[PDB]
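Novice: See query.cif below, with mmCIF, N, CA, C and O atoms and all ligand atoms.
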data_target
#
loop_
_atom_site.label_atom_id
_atom_site.label_comp_id
_atom_site.auth_asym_id
_atom_site.auth_seq_id
_atom_site.Cartn_x
_atom_site.Cartn_y
_atom_site.Cartn_z
N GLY O 1 274.55 88.76 -43.56
CA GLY O 1 273.36 89.54 -43.83
C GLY O 1 273.28 90.78 -42.96
O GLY O 1 273.17 91.90 -43.48
N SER O 2 273.33 90.59 -41.65
CA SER O 2 273.26 91.71 -40.71
C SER O 2 274.64 92.28 -40.44
O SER O 2 275.61 91.53 -40.28
N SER O 3 274.73 93.60 -40.38
CA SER O 3 276.00 94.27 -40.12
C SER O 3 276.49 93.98 -38.71
O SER O 3 276.04 94.60 -37.74
N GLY O 4 277.43 93.05 -38.59
CA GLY O 4 277.97 92.70 -37.29
C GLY O 4 276.97 91.96 -36.43
O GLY O 4 275.81 91.81 -36.80
N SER O 5 277.41 91.50 -35.26
CA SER O 5 276.55 90.77 -34.34
C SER O 5 276.15 91.65 -33.16
O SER O 5 276.94 91.83 -32.22
N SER O 6 274.94 92.18 -33.20
CA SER O 6 274.44 93.04 -32.13
C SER O 6 273.05 92.60 -31.68
O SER O 6 272.04 93.02 -32.23
N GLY O 7 273.02 91.73 -30.66
CA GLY O 7 271.75 91.24 -30.15
C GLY O 7 271.09 92.23 -29.20
O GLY O 7 271.16 93.44 -29.41
N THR O 8 270.45 91.70 -28.16
CA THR O 8 269.77 92.54 -27.18
C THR O 8 270.40 92.39 -25.80
O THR O 8 271.00 91.36 -25.49
N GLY O 9 270.27 93.42 -24.98
CA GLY O 9 270.83 93.38 -23.64
C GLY O 9 271.10 94.77 -23.08
O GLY O 9 270.31 95.69 -23.28
N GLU O 10 272.23 94.91 -22.40
CA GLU O 10 272.61 96.20 -21.81
C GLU O 10 274.02 96.60 -22.24
O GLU O 10 275.01 96.07 -21.74
N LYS O 11 274.10 97.53 -23.19
CA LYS O 11 275.38 98.01 -23.69
C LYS O 11 275.55 99.50 -23.43
O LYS O 11 275.95 100.26 -24.31
N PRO O 12 275.24 99.93 -22.20
CA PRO O 12 275.35 101.34 -21.80
C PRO O 12 276.80 101.80 -21.71
O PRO O 12 277.07 103.00 -21.61
N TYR O 13 277.72 100.85 -21.73
CA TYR O 13 279.14 101.16 -21.65
C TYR O 13 279.74 101.35 -23.03
O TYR O 13 280.91 101.03 -23.27
N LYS O 14 278.94 101.88 -23.95
CA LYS O 14 279.39 102.12 -25.32
C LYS O 14 280.29 103.35 -25.39
O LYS O 14 280.15 104.28 -24.59
N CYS O 15 281.21 103.35 -26.35
CA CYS O 15 282.12 104.47 -26.52
C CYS O 15 281.38 105.73 -26.96
O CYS O 15 280.89 105.81 -28.09
N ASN O 16 281.29 106.70 -26.06
CA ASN O 16 280.60 107.95 -26.35
C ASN O 16 281.34 108.74 -27.43
O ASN O 16 280.81 109.70 -27.99
N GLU O 17 282.58 108.34 -27.70
CA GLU O 17 283.39 109.01 -28.71
C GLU O 17 283.00 108.57 -30.11
O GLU O 17 282.50 109.36 -30.91
N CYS O 18 283.24 107.29 -30.41
CA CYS O 18 282.91 106.74 -31.72
C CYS O 18 281.52 106.11 -31.71
O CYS O 18 280.72 106.34 -32.62
N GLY O 19 281.24 105.31 -30.68
CA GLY O 19 279.95 104.66 -30.58
C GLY O 19 280.04 103.16 -30.71
O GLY O 19 279.26 102.54 -31.42
N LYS O 20 281.01 102.56 -30.02
CA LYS O 20 281.21 101.12 -30.06
C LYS O 20 280.60 100.45 -28.84
O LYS O 20 280.85 100.87 -27.70
N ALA O 21 279.81 99.41 -29.07
CA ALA O 21 279.17 98.68 -27.98
C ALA O 21 279.98 97.46 -27.58
O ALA O 21 280.24 96.58 -28.41
N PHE O 22 280.39 97.40 -26.32
CA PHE O 22 281.18 96.28 -25.82
C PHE O 22 280.35 95.41 -24.87
O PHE O 22 279.24 95.78 -24.50
N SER O 23 280.91 94.27 -24.49
CA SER O 23 280.22 93.35 -23.60
C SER O 23 280.34 93.81 -22.15
O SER O 23 279.39 93.70 -21.37
N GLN O 24 281.52 94.32 -21.79
CA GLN O 24 281.76 94.79 -20.44
C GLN O 24 282.51 96.12 -20.45
O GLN O 24 282.82 96.66 -21.52
N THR O 25 282.80 96.65 -19.27
CA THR O 25 283.51 97.91 -19.14
C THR O 25 284.98 97.76 -19.52
O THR O 25 285.53 98.56 -20.27
N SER O 26 285.62 96.72 -18.99
CA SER O 26 287.02 96.46 -19.26
C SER O 26 287.31 96.51 -20.76
O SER O 26 288.34 97.02 -21.19
N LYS O 27 286.37 96.00 -21.55
CA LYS O 27 286.52 95.99 -23.00
C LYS O 27 286.48 97.41 -23.56
O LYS O 27 287.30 97.78 -24.40
N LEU O 28 285.53 98.20 -23.08
CA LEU O 28 285.38 99.58 -23.53
C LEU O 28 286.69 100.35 -23.36
O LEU O 28 287.21 100.93 -24.31
N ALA O 29 287.22 100.34 -22.14
CA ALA O 29 288.47 101.03 -21.84
C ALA O 29 289.58 100.60 -22.80
O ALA O 29 290.15 101.42 -23.51
N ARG O 30 289.87 99.30 -22.82
CA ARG O 30 290.90 98.76 -23.69
C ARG O 30 290.80 99.35 -25.09
O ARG O 30 291.77 99.36 -25.84
N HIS O 31 289.61 99.85 -25.43
CA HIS O 31 289.38 100.44 -26.74
C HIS O 31 289.58 101.95 -26.70
O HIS O 31 290.24 102.53 -27.56
N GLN O 32 289.00 102.59 -25.69
CA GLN O 32 289.11 104.04 -25.53
C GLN O 32 290.57 104.48 -25.60
O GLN O 32 290.86 105.66 -25.81
N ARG O 33 291.48 103.53 -25.43
CA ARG O 33 292.91 103.82 -25.48
C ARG O 33 293.31 104.38 -26.84
O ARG O 33 294.28 105.12 -26.96
N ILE O 34 292.56 104.00 -27.87
CA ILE O 34 292.83 104.45 -29.23
C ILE O 34 292.31 105.87 -29.45
O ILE O 34 292.55 106.48 -30.49
N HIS O 35 291.60 106.39 -28.45
CA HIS O 35 291.05 107.74 -28.54
C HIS O 35 291.97 108.75 -27.85
O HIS O 35 291.98 109.93 -28.20
N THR O 36 292.74 108.28 -26.88
CA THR O 36 293.66 109.13 -26.14
C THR O 36 294.82 109.58 -27.02
O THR O 36 295.60 110.44 -26.64
N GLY O 37 294.92 108.98 -28.21
CA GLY O 37 295.99 109.32 -29.13
C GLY O 37 297.34 108.84 -28.65
O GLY O 37 298.38 109.39 -29.03
N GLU O 38 297.34 107.80 -27.81
CA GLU O 38 298.58 107.25 -27.28
C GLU O 38 299.15 106.20 -28.23
O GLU O 38 300.31 106.28 -28.63
N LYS O 39 298.33 105.22 -28.59
CA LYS O 39 298.75 104.16 -29.49
C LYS O 39 299.16 104.72 -30.85
O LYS O 39 298.69 105.78 -31.27
N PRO O 40 300.05 104.01 -31.55
CA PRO O 40 300.54 104.42 -32.87
C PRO O 40 299.46 104.31 -33.94
O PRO O 40 299.13 103.21 -34.38
N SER O 41 298.93 105.45 -34.36
CA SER O 41 297.89 105.48 -35.38
C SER O 41 298.38 104.84 -36.67
O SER O 41 299.59 104.70 -36.89
N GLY O 42 297.44 104.46 -37.53
CA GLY O 42 297.80 103.84 -38.79
C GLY O 42 296.98 104.37 -39.95
O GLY O 42 297.24 105.45 -40.48
N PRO O 43 295.96 103.60 -40.36
CA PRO O 43 295.08 103.98 -41.47
C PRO O 43 294.18 105.16 -41.12
O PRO O 43 294.15 105.61 -39.97
N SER O 44 293.44 105.65 -42.11
CA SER O 44 292.54 106.78 -41.90
C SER O 44 291.20 106.31 -41.33
O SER O 44 290.45 105.59 -41.99
N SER O 45 290.91 106.73 -40.10
CA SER O 45 289.67 106.35 -39.44
C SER O 45 289.17 107.47 -38.53
O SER O 45 289.92 107.97 -37.69
N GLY O 46 287.91 107.85 -38.70
CA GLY O 46 287.34 108.91 -37.89
C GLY O 46 286.84 108.41 -36.55
O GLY O 46 286.13 107.41 -36.51
ZN ZN H 101 285.78 104.72 -29.45
#
If you convert what's in this file into structure tokens, what do you get?
Ligand SMILES: [Zn+2]

Specialist:
Amino acid sequence: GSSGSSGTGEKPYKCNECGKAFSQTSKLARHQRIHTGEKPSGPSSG
């Protein structure tokens, strides 16, 4: 019913690039890696 699981709390460590909310900082970074253009891109995603 609801788009994804997004409860309440503190998600200030969200990706300022795309806008993804993670549980912790370590998670955010591990993701921001896809923004540095280092990893091998695949499908079309903004
Ligand atoms: Zn991002």

Novice: Would you mind telling me which residue in O:38, O:8, O:15, O:30 lies nearest to ligand ZN 101 (chain H) when using all atoms listed in the file?

Specialist: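 Of the candidates, the smallest distance to ligand ZN 101 (chain H) is held by O:15.
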
Novice: Could you report the residues within 7 Å of ligand ZN 101 (chain H), using only C-alpha atoms and all ligand atoms, as a list in words?

Specialist: residues 15, 16, 17, 18, 19, 20, 31, 32 and 35 of chain O

Novice: Please report, as a PyMOL selection string, each residue of chain O to which DSSP assigns alpha helix (DSSP H) when run on this structure's backbone.

Specialist: chain O and resi 25-32

Novice: Find the residue from O:46, O:36, O:1, O:27 that sits nearest to residue 13 of chain O; use all atoms listed in the file when measuring.

Specialist: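 When distances to residue 13 of chain O are compared using all atoms listed in the file, the smallest one comes from O:27.
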
Novice: Atom O of residue 42 of chain O and atom O of residue 22 of chain O, how far apart in Å?

Specialist: 25.9 Å

Novice: Could the centre and edge lengths of an axis-aligned box, enclosing all atoms of segment 19-33 of chain O in the file with 6 Å extra on each side, be given in Å to one decimal as lines of an AutoDock Vina configuration file?

Specialist:
center_x = 286.7
center_y = 99.5
center_z = -25.2
size_x = 27.1
size_y = 24.3
size_z = 24.4

Novice: Rounded to one decimal place, report the atom CA of residue 10 of chain O-atom N of residue 25 of chain O distance in Å.

Specialist: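 Between atom CA of residue 10 of chain O and atom N of residue 25 of chain O the gap is 10.5 Å.
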
Novice: Find the spatial neighbours of residue 7 of chain O, counting only C-alpha atoms, within a cut-off of 12 Å - ignore same-chain residues fewer than 3 positions away - and output them as a ChimeraX atom specification.

Specialist: /O:2-4,10-11,21-23

Novice: How many Å separate atom N of residue 5 of chain O from atom O of residue 39 of chain O?

Specialist: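 One can read the atom N of residue 5 of chain O to atom O of residue 39 of chain O distance as 25.9 Å.
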